[PDB]
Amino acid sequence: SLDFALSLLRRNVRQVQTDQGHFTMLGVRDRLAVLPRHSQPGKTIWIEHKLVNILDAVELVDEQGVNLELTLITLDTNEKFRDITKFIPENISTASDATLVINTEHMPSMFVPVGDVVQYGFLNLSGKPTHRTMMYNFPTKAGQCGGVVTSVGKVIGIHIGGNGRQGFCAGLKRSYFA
């Protein structure tokens, strides 16, 4: 399991920078990666020390038009991500003993035992209403956004916020990546 996180870290999780700061990016498949929406990847992005062009970005919102705090971006490169869509479940899932995989330039290859991840649903993220969020009782900190919540060979969510005592992720579901 530990192992999974390592295969992930090694082939799919990358250190990035936007005009907003340092983030962890998850490469899902082909040239498709997912980032927090507040990372504001414009027309370009920095992927580990090199400027990469973004061909298309999509800010995910739910049926009612409510923010989901996720942005899908298509990169302009000759590299392809290993397909990990099969590790993402079809339904937003809870989990026990999750692990938050962070890979930032300030926090590289960092594993954090966030513990149990439970349904939370609505959340007020700094003035932006947000849906489909999950919560863990761990004091997550700045510079950790974009981290990949994982558990038993599953990629379940993307860290997006925290209040000093708890952390919140945007749930991941396979239908998002088609």
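Throughout, rigid core stands for the largest set of C-alpha atoms superposing within 1.5 Å between the two forms. For every residue, the number given is its place in the sequence shown, counted from 1.
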item: Of 1-9 and 167-175, which departs more from this form in 8 other deposited structures of this protein by CA RMS after core fitting; value: 1-9
item: Higher C-alpha RMS shift from the shown form in 8 other deposited structures of this protein - 41-49 or 124-132, rigid core fit; value: 41-49
item: Stretch with the greater mean C-alpha B-factor as recorded in the entry, comparing 103-111 against 71-79; value: 71-79
item: Higher-B stretch (mean Cα B-factor, as the entry records it), 147-155 or 50-58; value: 50-58
item: Deposited CA B-factor, highest of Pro36, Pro139, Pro129, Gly27; value: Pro129
item: Ranked C-alpha temperature factor of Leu125 among modelled chain residues, by third; value: highest
item: Lowest, middle or highest third - CA B-factor, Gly162; value: highest
item: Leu172 - Cα temperature factor, lowest/middle/highest third of chain; value: lowest
item: Chain thirds of CA B-factor: placement of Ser93; value: highest
